[PDB]
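Novice: Can you read through this structure? Questions will come right after.
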Amino acid sequence: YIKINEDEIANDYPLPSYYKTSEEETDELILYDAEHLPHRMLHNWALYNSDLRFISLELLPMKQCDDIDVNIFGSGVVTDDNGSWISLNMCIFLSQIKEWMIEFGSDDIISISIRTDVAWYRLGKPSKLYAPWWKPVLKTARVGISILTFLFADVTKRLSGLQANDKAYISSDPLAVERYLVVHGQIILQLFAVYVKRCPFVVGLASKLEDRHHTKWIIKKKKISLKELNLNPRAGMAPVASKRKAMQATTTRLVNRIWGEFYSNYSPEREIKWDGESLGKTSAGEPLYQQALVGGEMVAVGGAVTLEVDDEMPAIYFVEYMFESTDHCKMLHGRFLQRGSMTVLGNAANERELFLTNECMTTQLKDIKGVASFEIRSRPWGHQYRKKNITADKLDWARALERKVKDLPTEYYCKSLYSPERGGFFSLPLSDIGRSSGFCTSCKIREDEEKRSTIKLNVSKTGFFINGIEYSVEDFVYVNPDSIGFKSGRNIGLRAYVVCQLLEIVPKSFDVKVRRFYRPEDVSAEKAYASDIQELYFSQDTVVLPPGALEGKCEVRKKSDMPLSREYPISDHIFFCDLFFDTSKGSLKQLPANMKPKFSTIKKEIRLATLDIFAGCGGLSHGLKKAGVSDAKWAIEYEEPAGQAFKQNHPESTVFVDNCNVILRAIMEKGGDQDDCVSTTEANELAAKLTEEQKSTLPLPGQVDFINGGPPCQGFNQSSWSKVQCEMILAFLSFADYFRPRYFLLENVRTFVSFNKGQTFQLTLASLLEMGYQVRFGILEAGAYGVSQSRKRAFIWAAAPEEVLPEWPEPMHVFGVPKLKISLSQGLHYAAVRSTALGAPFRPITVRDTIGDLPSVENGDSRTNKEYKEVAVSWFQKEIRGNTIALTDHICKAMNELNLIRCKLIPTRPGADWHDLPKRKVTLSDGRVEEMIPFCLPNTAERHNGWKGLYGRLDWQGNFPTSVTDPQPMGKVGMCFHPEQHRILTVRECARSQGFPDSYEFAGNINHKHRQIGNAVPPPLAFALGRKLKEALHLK
Ligand SMILES: [Zn+2]
């Protein structure tokens, strides 16, 4: 017997996918424990190997065989045989199928059947997931019947002559079609043999199969004897059974109105005389005028005028001041009033809403096309003003509709200042605009920015200014490392800022001489490992640089004067120097006292009551509480293990382990607002079934001052209203609207600003602006703030009109990722923070700095309590271990014997992955011969090839990849193995990768703990945001 394995057939079949199902699954031998076998047939069947990888039916033999090297299992629904035959166009799991059969469809109705060791199985319509592995079998059957209708090289020429119109077309190339025929040989040879029996085509095909021999087998006779247990991978596993029903979200009448209106309107449903007297004179001695006539209509400071434009739509300018030119000219100054449609909002903005901008313009009075009605909205803020705002909104909308019906001029309103450079909508400086004093604040800002572009040397000849930063003699500066003169291995060759001491300014328009400081990583990687992050080595290397190669200023002190407080995400540009590094010998020595280097010399209750929606294990809440800005008094979490973990880590919190929509409905029912609720009847029934004690502790408007959390947006095409109605972002925005918190921090994945052609982001911004918020957005990479796991997160800050929008934390660690840009419109882009790829104050955190001291554990552990065996060595271990003396959650997911063998066979070299496993039939101590190489990708499809990272180890000096949120030791494992040990990353190691302190505790199964760790904002990034918010909170 001759068989062809996956190497040749892999071209036609798609990329290998894996089988998943629900908990409904029963054994097969127990149903029928015991040629003349039961003929039970199958619905929604599927086939797989021992790794639950979908496998073509072509890999099973035709006759009896004593030993079948390839093991194959199946699943489906066992049902009564009805003699269903195919011509064109309770759940069970099978045992090791021993063969398969084509039944001769004399009336062109050929069927499909399989034989396990117990009973026959006729095959019906398969599962939709297995259809890609099902269609090629039908295609080759159609080819076989086409040749049968026709009746070796003559046949190949005949079938190559056919074009793509016929269903039995393969390819016009003789060689490719011959390869296709020889690859699917037995599937045609047996079909021809069951009809001609000794036709030359048959013997030619057999000869070709021998020419492409890949596996021999022995044909035998009746050997049925039940001597197997089940050996099925599916047997014994408990599948995930949640698939929570996406019920319609509970929303307020405002958010629902906005989203429904958007998805229903779109988606697949002259005399120029003055007026008055001058109130003063400008600096240039020009008259200052407040009011003027234009073509019979009015123009005044604080109003808006229109400028004639070439087509398109006229531009609107907010008048700042009016003056008469020296040559008796009527001229005015205005600020650009961007229309809502041209901002990042796009089509999700009202027609009547305009946004102030920093761009200014100056023009003659006679160039005005006309004056448009324009008012500034200053509605009061607070939860108690929501009903009045709703009534005013309805009245204004009715008035606008009435005016549009009678084709009257549109009345505009402005309530936000759109700054794309800062990337957000801010509050209007009502006391700084429309001053009519002849001074434009935006013009002053532009002039100041222009002044921040010149390399000017001060009169003292001992310093200069660059980028608005003053440099002086004896200061400490940053120099780009270049200016001096694998997936895991991202930060493998990136150097931090070169710290230098600027000694003398030598003119050349001048160059600066700087003495060099040497970082620990310059000596060796091991020295950088066992040393502080903020340590510098003194040296006597002086280099001359242009003044444009200086990035900032820092401080350098001794060990005695270093600050006592040590926050983990370091926001202080402070280093300490104690040792001397000699480049000639590379030897570190003590600092001699002969020179005595001139080092740097020293010379409330704002905590906000917090409601944390979708809290999870509490990473964001812990980070914000460590920064002294959040209380985490209330939390809401659907998942039971996540709520348990939150209650474990935050005992003082009040955790609601319930649906967000149900909790919102209960809150809005307690407050007395039922007519403002858009909720399903199921939500009403669930909310009505709540303990009175729980309803007594529910939050109410006025008791919440900070709402934070990340909604689980499904995203992923322009979905209709009936599909976007069930998203949790609507419930989150309804929470924000009803409670009216002073601050609102939304967190989501990087692709949040691109879901549904970016409509979700625009709609979120539109809802937040309709509420009356100041909204800013950005994308932050957690890897640049201390963690060793790259994670890009989109953050949206929202603040009350009278509050201050927090700034974005400055990245302080090197990370090789370009600027993270959000595209607004008109080719404009916004970057939240600078890309610390070519330079940063501190070196990147490596894997060894994170998991280099934890005790070793074998593959699969359950001991949740252990003791440390090695003292903390690096800076990260010392900082994250703290005073903890009991190691918790140091357990790893247990892999089967085959996966353990595969992991042990992976070499402990950087960049190693599944490409390094040897090709050999392995045999674990179970009687199950298996292929060692996990995947068999097609030779073609280069883009769909190069599957690097799967079964991949971690580089010691690399960083944790993004693909370790939920390690899965069944199919596509990914880059999750340990750098040195033969195991998957433990829960504690994954927590340390995200910056979770060793004192943090997780709850639930290992899968639940990993899901909590992967779904939480890193406590480092959360703490950085918290301290930025604390800085913003002290201004007000
Ligand atoms: Zn201006």
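Residue names in the structure tokens use chain letters A, B, ... in the order shown, residue numbers from 1 in each chain, and ligand numbers from 1 in the order shown.
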How would you report the residues lying within 6 Å of ligand 1, as a ChimeraX atom specification, if you count only C-alpha atoms and all ligand atoms?

Specialist: /A:335,360,440,442-443

Novice: Store the residues picked out above in a file with N, CA and C atoms, as a short mmCIF file (atom, residue, chain, number, x, y, z; two decimals), in the first residue's frame.

Specialist:
data_model
loop_
_atom_site.label_atom_id
_atom_site.label_comp_id
_atom_site.auth_asym_id
_atom_site.auth_seq_id
_atom_site.Cartn_x
_atom_site.Cartn_y
_atom_site.Cartn_z
N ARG A 335 -10.18 84.22 14.14
CA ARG A 335 -9.67 82.90 14.45
C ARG A 335 -10.50 81.86 13.72
N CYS A 360 -5.06 81.60 12.92
CA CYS A 360 -5.61 82.95 12.82
C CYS A 360 -5.53 83.45 11.38
N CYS A 440 -3.99 89.16 20.07
CA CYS A 440 -4.49 87.81 19.84
C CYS A 440 -3.64 86.82 20.63
N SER A 442 -3.71 83.53 20.49
CA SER A 442 -3.18 82.51 19.60
C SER A 442 -1.99 83.03 18.80
N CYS A 443 -2.04 84.30 18.38
CA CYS A 443 -0.90 84.89 17.69
C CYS A 443 0.32 84.95 18.60
#

Novice: Give me the residues near range 516-523 of chain A as number ranges by chain, where near means some atom within 10 Å (using only C-alpha atoms) and where sequence neighbours in that chain fewer than 2 positions away do not count.

Specialist: A: 476-477, 479, 484, 495-502, 513-514, 525-543, 577, 580-583, 586-588, 842-843

Novice: Near residue 779 in chain A, counting only C-alpha atoms, which residues have an atom at most 7 Å away, once you skip same-chain residues fewer than 2 positions from it, shown as a list in words?

Specialist: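 After dropping sequence-adjacent residues, the list is residues 750, 781, 792, 793, 794, 795, 820 and 832 of chain A.
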
Novice: Extract the full set of helix (DSSP H, G or I) residues from range 110-335 of chain A according to DSSP on the backbone, and format it as number ranges by chain.

Specialist: A: 131-150, 153-161, 174-183, 186-193, 200-211, 253-265

Novice: Neighbours of residue 703 in chain A within 10 Å (only C-alpha atoms; same-chain residues fewer than 2 positions away dropped), as a list in words?

Specialist: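 Residues meeting the cut-off are residues 608, 609, 610, 611, 699, 700, 701, 705, 706, 739 and 741 of chain A.
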
Novice: Would you kindly return, as a ChimeraX atom specification, each protein, DNA or RNA residue with an atom no farther than 8 Å from any atom of residue 336 in chain A, considering only C-alpha atoms and excluding same-chain residues fewer than 6 positions away?

Specialist: /A:315-318,356-361
